[PDB]
Amino acid sequence: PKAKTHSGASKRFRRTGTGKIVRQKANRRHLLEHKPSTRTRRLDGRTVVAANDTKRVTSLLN
Amino acid sequence: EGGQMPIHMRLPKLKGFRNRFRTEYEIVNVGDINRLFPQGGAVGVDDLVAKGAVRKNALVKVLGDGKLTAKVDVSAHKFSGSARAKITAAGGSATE
RNA sequence: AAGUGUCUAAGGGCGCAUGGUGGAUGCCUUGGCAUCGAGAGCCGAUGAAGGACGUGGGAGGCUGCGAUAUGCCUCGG
RNA sequence: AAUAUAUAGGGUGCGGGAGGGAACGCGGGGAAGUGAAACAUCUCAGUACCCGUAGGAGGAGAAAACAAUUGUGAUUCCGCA
RNA sequence: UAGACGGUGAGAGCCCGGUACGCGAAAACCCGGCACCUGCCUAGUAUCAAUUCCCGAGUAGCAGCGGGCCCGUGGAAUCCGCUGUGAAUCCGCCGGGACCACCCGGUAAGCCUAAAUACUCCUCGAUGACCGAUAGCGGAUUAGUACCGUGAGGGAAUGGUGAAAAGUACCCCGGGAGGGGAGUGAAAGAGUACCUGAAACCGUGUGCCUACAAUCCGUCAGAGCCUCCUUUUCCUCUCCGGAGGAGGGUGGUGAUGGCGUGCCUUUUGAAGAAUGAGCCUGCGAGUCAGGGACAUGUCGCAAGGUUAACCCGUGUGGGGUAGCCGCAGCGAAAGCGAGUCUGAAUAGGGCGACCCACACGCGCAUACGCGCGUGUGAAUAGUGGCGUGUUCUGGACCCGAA
RNA sequence: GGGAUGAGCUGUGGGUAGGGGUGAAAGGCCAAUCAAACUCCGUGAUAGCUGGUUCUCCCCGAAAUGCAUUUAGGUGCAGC
RNA sequence: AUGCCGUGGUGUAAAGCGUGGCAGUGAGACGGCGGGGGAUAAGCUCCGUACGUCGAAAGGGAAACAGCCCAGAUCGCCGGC
RNA sequence: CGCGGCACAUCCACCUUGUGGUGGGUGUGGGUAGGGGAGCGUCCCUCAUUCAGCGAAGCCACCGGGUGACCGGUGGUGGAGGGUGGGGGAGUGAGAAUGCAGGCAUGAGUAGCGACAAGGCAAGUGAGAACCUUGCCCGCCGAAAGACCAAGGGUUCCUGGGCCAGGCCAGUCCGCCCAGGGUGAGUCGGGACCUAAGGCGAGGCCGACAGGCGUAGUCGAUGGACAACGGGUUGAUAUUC
RNA sequence: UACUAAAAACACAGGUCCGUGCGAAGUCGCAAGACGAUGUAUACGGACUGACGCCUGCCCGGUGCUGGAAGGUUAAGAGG
RNA sequence: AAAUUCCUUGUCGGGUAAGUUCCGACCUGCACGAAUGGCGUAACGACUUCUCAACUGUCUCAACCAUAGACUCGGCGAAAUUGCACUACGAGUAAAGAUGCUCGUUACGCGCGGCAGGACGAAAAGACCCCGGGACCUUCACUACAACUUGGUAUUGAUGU
RNA sequence: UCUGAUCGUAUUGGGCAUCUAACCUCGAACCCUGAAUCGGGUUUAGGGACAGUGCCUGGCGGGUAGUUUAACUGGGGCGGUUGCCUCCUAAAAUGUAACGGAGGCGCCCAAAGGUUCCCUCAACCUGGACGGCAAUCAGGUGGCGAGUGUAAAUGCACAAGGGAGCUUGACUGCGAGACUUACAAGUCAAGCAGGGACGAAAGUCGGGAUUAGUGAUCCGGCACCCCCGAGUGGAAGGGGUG
């Protein structure tokens, strides 16, 4: 009767001004001693969703 | 998925929050003013919504996008600095 | 003497003709499902809903009826 | 009366009730299956079911309410958000 | 102002019952006008001071264990119930999301309150791009009957003669049933077992094959008989016919030879000694609601487009801008804004801007194209409706567990 | 074949009813079924498994491989 | 030796890549060539190969025969190689 | 390869020189799950048109037709709703679910025909008799295959009448069907008298409510109380008349 | 153990152990109220064993029951 | 050496002719044992187990007779089952075991009575195994609850110490 | 005025005792019952502020209730294993499984890191008192057998080994561009800016010679940055970075 949006998807993915979806990488909240600042630079940012699963995600958010 | 931790749980929660008190303003492109009102004359909320270039029942800001030549005062709120520069370069005036 | 050599249906098979059983398809409905609009939206210790029993000129059921018993009285069409 | 008032009880008389009613409503009670690819938290659900108790509709109601300075001024119901 | 349906011997405006339309109420009853009846009121308004008193008591609030509120005890508001403690009467109290202060709104702990709204067992009227007797409710027929079960409960199947009964008088077989001859009827190919009367199935008659031969039971070659049929020697009996025969050609049978391991499901793999099907008939499984969502084809408009609810109106037409998507995005947010963010700066980098076959003026360049204004017409769009395919939630392709 | 004056058999009328009853106990008996009876309701329940899915034509044309799984008889992404 | 990455010519209706929509497969078997487990084994089993075929491919031949050999059926022909 | 006919992509030339088609050439065309595209048929609605009791639909046979899902025509039966075309809308196409409902087959005129008590004969009824009837023999139980009550059944008793169906066959007869008749109580067994086990159980206690237990009182027999015995009769009833 | 098993199973008498001082314990019931019992420690309830005869040995460390409460630990509440 | 013993028919001896069983004895008790009771016990038992006299068709070794069936005749008239049919065999092939396939051999069509080797024969969606799902059950498994139980507060006081 | 002790005094509770007054009494008597052993009441006798009952809280708790109790697996079970790293099997790019072969890791280091500078061991032979072929010393041979923090490989003599001085880059803000891969995730990164250690300089350094030494998500905690702050100002709480 009326759609629902997967909440966790809405709380993890952000649609941009155009047809793209980004992921906040944050494998950096538990343990950070052995991880160098280099690896944290690699993880830091909001990368684009891989095209091997955008076709699923867009229906998860819509 | 079928056998492994879903991508939802696997990924981190997107950081940040949403404010309840986010008084969002609508947008009036000064270039659109240029082509819409090349004659100048009079500008205001009522005229812009009469043209249908902007939503009703909300305050509007002005962009620095576009070459403005029409010398006309603009009745609106929260102009950007570039908007004032373009407006007074043409020779008009901002309100508030 | 040697050789060639048709035929038979106790009963089956195939195909036609002519018939039976059965009651499917076709058209139909004295019967139904779902709906819009308008009433009524209660009955009952004054003995209700619902029932047995019993009643008809002649077996029995339904219907209507209650020892005044497929009916009585009164005003109406 | 029991004991003294006196009362419980008893007696007389006058009103009402119980039970039915397909659905709808209110107040109160209250599961599992299922989903979660297991499963208790959660859901399914305050559903199914039950009890009380009405009505023609009921319930709710006339601000110790909203908003946060444009201010509105009982309730209910539909559609947006 | 009657063409709504229907009935009447085959399809009816004018044959009928009816409809349109217009009449019609003793008695009862709902609403409604009037009278009686009933009932409130011998004014508290204006002004001022605030010393006095009141303004809902085992209540609120607080602490504790819970419900429910987007809100699962979390920092947990307000509301509700339970247990102990237990306030005030306007310089008061409650609330405004722990909480304090200021500000603001309002005065709980008594009661009653129509409208908009929900439902139709049941009673008239009406419709239906709903079935038409294995469907529709199970119930068109003795229906919640018969029947099963101690019982709660479960829960069947059976419609059609013909317009009319005109129901085959009479006669003949026969114990009768049943049949036959007559006869009614348009028709008996309409006889209570009754419109049409399918298929499996049983059976009679008849053309062909078959008792020395092994194969999913056929196909292809293919002899010779039999049915039918054209041309023709010919029967000349010929103004008749195709008798017969040759030859030719449809439709059967098919001697005899070659060839060939049944369907489906599921399986690496099947004809199966792997499963399911006795045969026929009927029924039976991917559909629907939602201005759902992504993509698509096509059709309206055109920086727009679109209405929902609700109103008016009669065939589903016109209104109705509240709202949604698009229109500028980035950023956790403030806030900034064609940039913005991180960041000391940002040189860099993340999201998004603007891609020229190119002229005018012009920096750059031998030529090749970069750029600011105007332009050789330079690059352009969503939205709404109807289908398609998918998908979410709805029993969701269907049947079946314990 | 055993008991057959006894812990007896039998009729009549009565009580115990479901996670409960009863039981000289066997996990049997409770309307032919009992390691929790029957009918109905929630119910069109569920099932990573089996089974069935109805007419045709034309073009093109797979895999049984990897990664992960409270997973190896399923599913997801990738490959074709 | 093969095999693989990359470049420059040549040849081939065309395959490929990226981008969206809708599915299946996610148990594989055998044979040829190289390998491990096993005994120098098995119609055994786990891998590899831009090796095929069957699977999803009818036909010929191997007596019959899914997997080997040849050979990839549009349909018809009482025509040839 | 040859000789011919269809089809999809592509090349070429034309019609709008790809709307979509027309003419020619090359290559292509095995195919499951599965993707894509175009199609066949049935029922209903709308519009237009149109045949039809001078015989529609459905059904049967026959002759032909299309590349396919299929069609047209002719003839017969029967007797009232269907064809052509553009559109809309589907409970839409059955070959299997140890599927369901109905009907009919093979097995098959086979097995079975219901205690190890036993029937036989004559005459007669009758269209018809081993099975009913009347006679006469034989045989069997006889602490049960006899005669009576309750419980239960609820007209199955009798008379008359029928023999489509039922009876494990026939079957004039029957506990099958139809019509009609038949059950007589002061004393037999019950209520009019109480009562046990036990149930209801106002009042009352407890319990959120529904409700549960239980006193009084009242019900509840197989028990206790209470007056009858014999004989005869009708087709049937009997301690009843 | 109807409907495959009647026994070397069950059960009783007897023998031990534990509990209860009476609207008792236990059980059925939420409570009321019943049973137990119109009885009460030579009675009643529960468990093991199973006439009779001979006998019934050692260990309290673990796990349970019962008694104590030095000491430790120990929630709410009071207090804060 | 047993209801208790796998190695085991443990070893010795009677019983038999011959005894993996039985009876008696040693103990080298894989594993006896004291109230989950040890060791004996007359009588008893539709119990289990061994031996013996007598008799017997249980066998040696079968045979005859009768009866209700089977068979025929007449009548009524089912069923499970059922992919089709004009349903041979051998050696082979094959999803490994072939009526249906290849090559061979053999048989007149049909039909009645018997046998029961086959048609993975029929009846039953394997009653053993495995996997998935569910029921039930036990417990030093986990988490909750009823019940019994401890403390405080209220119902709930006074006087004293 | 660490105020032991302590006069009594405000408070408070506990404990104890006594008392009767709520309350209990299937303990007696009488009565509405002449129809009652239930019930209710009056009076009396006795228990007693206990107990019981409601709230809150701790504890015992298979008597009862709902579920779990893994998978692979040469059927199952028992047994053994499960992540990461290194070699082989592996068929000469990579990749490549088995209950197929062999071994480690769930650590270590403020020096074993970084920088500048310097060196080349082992084994062997000769000689040599304590002292032996087996510590140490010289000479000669010896271009790598030693060594590599740690299993193994691969590489290291130009040395990554060894020795020494000064030091903390065992940094901050970024990082074009690639490999690998289904995805998440991993790996490398010249080079830029700040600031600084080393070094005469040129230059190196964003940990260990490289490959293992670890673990996503949610929730929660610590420090810091006013980022927001439910009327407002604050606060709580939330947000951001490590």
# chains A, B, ... in the order shown; residues from 1 in each chain; ligands from 1
>>> interface_residues(of="chain B", to="chain E", cutoff="7 Å", atoms="only C-alpha atoms (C1' of nucleotides)", output="list in words")
residues 15, 16, 17 and 65 of chain B
>>> write_last_selection(atoms="N, CA and C atoms", output="CSV table (one decimal), in the first residue's frame")
chain,number,residue,atom,x,y,z
B,15,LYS,N,28.2,9.2,9.8
B,15,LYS,CA,28.4,10.1,10.8
B,15,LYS,C,27.5,11.3,10.7
B,16,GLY,N,27.3,12.0,11.8
B,16,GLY,CA,26.6,13.3,11.8
B,16,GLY,C,25.2,13.1,12.3
B,17,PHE,N,24.4,14.2,12.2
B,17,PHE,CA,23.1,14.3,12.6
B,17,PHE,C,22.3,15.3,11.8
B,65,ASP,N,25.3,33.6,-9.5
B,65,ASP,CA,25.4,33.0,-10.8
B,65,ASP,C,24.7,33.8,-11.8
>>> interface_residues(of="chain A", to="chain B", cutoff="9 Å", atoms="only C-alpha atoms", output="list in words")
residues 8, 9, 10, 11, 12, 13, 14, 23, 24, 25, 26 and 27 of chain A
>>> interface_residues(of="chain A", to="chain F", cutoff="12 Å", atoms="only C-alpha atoms (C1' of nucleotides)", output="list in words")
residues 50, 51, 52, 53, 54, 55 and 56 of chain A
>>> residues_around(residues="residue 25 of chain I", least_positions_apart="4", cutoff="9 Å", atoms="only C-alpha atoms (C1' of nucleotides)", output="NGL selection string")
:I and (19-20 or 45)
>>> write_last_selection(atoms="C-alpha atoms (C1' of nucleotides)", output="PDB file, in the first residue's frame")
ATOM      1  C1'   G I  19       8.145 -35.433  58.258  1.00  0.00           C
ATOM      2  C1'   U I  20       3.764 -33.578  61.211  1.00  0.00           C
ATOM      3  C1'   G I  45       1.877 -38.814  54.681  1.00  0.00           C
TER       4        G I  45
END
>>> residues_around(residues="residue 52 of chain F", least_positions_apart="3", cutoff="12 Å", atoms="only C-alpha atoms (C1' of nucleotides)", output="number ranges by chain")
E: 264-265, 276, 284-285, 397-399; H: 94-97, 99
>>> residues_around(residues="segment 42-53 of chain B", least_positions_apart="4", cutoff="8 Å", atoms="only C-alpha atoms (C1' of nucleotides)", output="ChimeraX atom specification")
/B:28,72-76 /E:303,327
>>> write_last_selection(atoms="C-alpha atoms (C1' of nucleotides)", output="PDB file, in the first residue's frame")
ATOM      1  CA  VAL B  28      16.675  32.643  -6.784  1.00  0.00           C
ATOM      2  CA  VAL B  72      16.232  46.959 -10.414  1.00  0.00           C
ATOM      3  CA  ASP B  73      15.915  46.723  -6.651  1.00  0.00           C
ATOM      4  CA  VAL B  74      15.267  43.293  -5.177  1.00  0.00           C
ATOM      5  CA  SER B  75      12.930  42.715  -2.247  1.00  0.00           C
ATOM      6  CA  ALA B  76      14.295  39.591  -0.571  1.00  0.00           C
TER       7      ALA B  76
ATOM      8  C1'   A E 303      10.924  25.364 -16.132  1.00  0.00           C
ATOM      9  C1'   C E 327      13.992  24.064  -9.979  1.00  0.00           C
TER      10        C E 327
END
>>> residues_around(residues="residue 82 of chain J", least_positions_apart="5", cutoff="12 Å", atoms="only C-alpha atoms (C1' of nucleotides)", output="PyMOL selection string")
(chain E and resi 277-279) or (chain H and resi 105-107) or (chain J and resi 122)
>>> write_last_selection(atoms="N, CA and C atoms (P, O5', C5', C4', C3', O3' and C1' of nucleotides)", output="PDB file, in the first residue's frame")
ATOM      1  P     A E 277      -0.156 -43.775  -9.886  1.00  0.00           P
ATOM      2  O5'   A E 277      -0.829 -43.162 -11.181  1.00  0.00           O
ATOM      3  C5'   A E 277      -1.582 -41.972 -11.069  1.00  0.00           C
ATOM      4  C4'   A E 277      -2.069 -41.480 -12.401  1.00  0.00           C
ATOM      5  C3'   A E 277      -2.800 -42.501 -13.245  1.00  0.00           C
ATOM      6  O3'   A E 277      -4.181 -42.522 -12.931  1.00  0.00           O
ATOM      7  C1'   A E 277      -1.110 -41.475 -14.533  1.00  0.00           C
ATOM      8  P     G E 278      -4.842 -43.726 -12.099  1.00  0.00           P
ATOM      9  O5'   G E 278      -5.288 -44.765 -13.208  1.00  0.00           O
ATOM     10  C5'   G E 278      -4.310 -45.518 -13.889  1.00  0.00           C
ATOM     11  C4'   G E 278      -4.867 -46.222 -15.088  1.00  0.00           C
ATOM     12  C3'   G E 278      -5.679 -45.352 -16.018  1.00  0.00           C
ATOM     13  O3'   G E 278      -4.871 -44.701 -16.975  1.00  0.00           O
ATOM     14  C1'   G E 278      -6.911 -47.276 -15.483  1.00  0.00           C
ATOM     15  P     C E 279      -5.200 -43.199 -17.417  1.00  0.00           P
ATOM     16  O5'   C E 279      -6.528 -43.343 -18.270  1.00  0.00           O
ATOM     17  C5'   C E 279      -6.525 -44.161 -19.421  1.00  0.00           C
ATOM     18  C4'   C E 279      -7.843 -44.148 -20.154  1.00  0.00           C
ATOM     19  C3'   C E 279      -8.569 -42.822 -20.226  1.00  0.00           C
ATOM     20  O3'   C E 279      -8.043 -41.921 -21.177  1.00  0.00           O
ATOM     21  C1'   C E 279     -10.100 -44.478 -19.636  1.00  0.00           C
TER      22        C E 279
ATOM     23  P     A H 105     -19.669 -50.523 -17.716  1.00  0.00           P
ATOM     24  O5'   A H 105     -18.254 -50.569 -18.432  1.00  0.00           O
ATOM     25  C5'   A H 105     -17.320 -51.563 -18.088  1.00  0.00           C
ATOM     26  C4'   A H 105     -16.023 -51.403 -18.826  1.00  0.00           C
ATOM     27  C3'   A H 105     -14.971 -52.424 -18.466  1.00  0.00           C
ATOM     28  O3'   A H 105     -15.121 -53.593 -19.236  1.00  0.00           O
ATOM     29  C1'   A H 105     -14.027 -50.255 -18.381  1.00  0.00           C
ATOM     30  P     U H 106     -15.082 -55.035 -18.554  1.00  0.00           P
ATOM     31  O5'   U H 106     -13.531 -55.269 -18.328  1.00  0.00           O
ATOM     32  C5'   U H 106     -12.666 -55.289 -19.443  1.00  0.00           C
ATOM     33  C4'   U H 106     -11.229 -55.458 -19.031  1.00  0.00           C
ATOM     34  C3'   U H 106     -10.935 -56.590 -18.055  1.00  0.00           C
ATOM     35  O3'   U H 106     -10.714 -57.820 -18.716  1.00  0.00           O
ATOM     36  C1'   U H 106      -9.898 -54.599 -17.314  1.00  0.00           C
ATOM     37  P     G H 107     -11.499 -59.145 -18.280  1.00  0.00           P
ATOM     38  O5'   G H 107     -10.839 -59.532 -16.889  1.00  0.00           O
ATOM     39  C5'   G H 107      -9.459 -59.836 -16.788  1.00  0.00           C
ATOM     40  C4'   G H 107      -8.990 -59.742 -15.357  1.00  0.00           C
ATOM     41  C3'   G H 107      -9.805 -60.502 -14.325  1.00  0.00           C
ATOM     42  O3'   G H 107      -9.360 -61.830 -14.170  1.00  0.00           O
ATOM     43  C1'   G H 107      -9.376 -58.293 -13.581  1.00  0.00           C
TER      44        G H 107
ATOM     45  P     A J 122       4.934 -53.541  -7.073  1.00  0.00           P
ATOM     46  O5'   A J 122       3.456 -53.800  -6.580  1.00  0.00           O
ATOM     47  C5'   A J 122       2.410 -53.875  -7.523  1.00  0.00           C
ATOM     48  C4'   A J 122       1.103 -54.166  -6.857  1.00  0.00           C
ATOM     49  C3'   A J 122       0.857 -53.403  -5.578  1.00  0.00           C
ATOM     50  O3'   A J 122       0.385 -52.095  -5.810  1.00  0.00           O
ATOM     51  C1'   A J 122       0.414 -55.665  -5.208  1.00  0.00           C
TER      52        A J 122
END
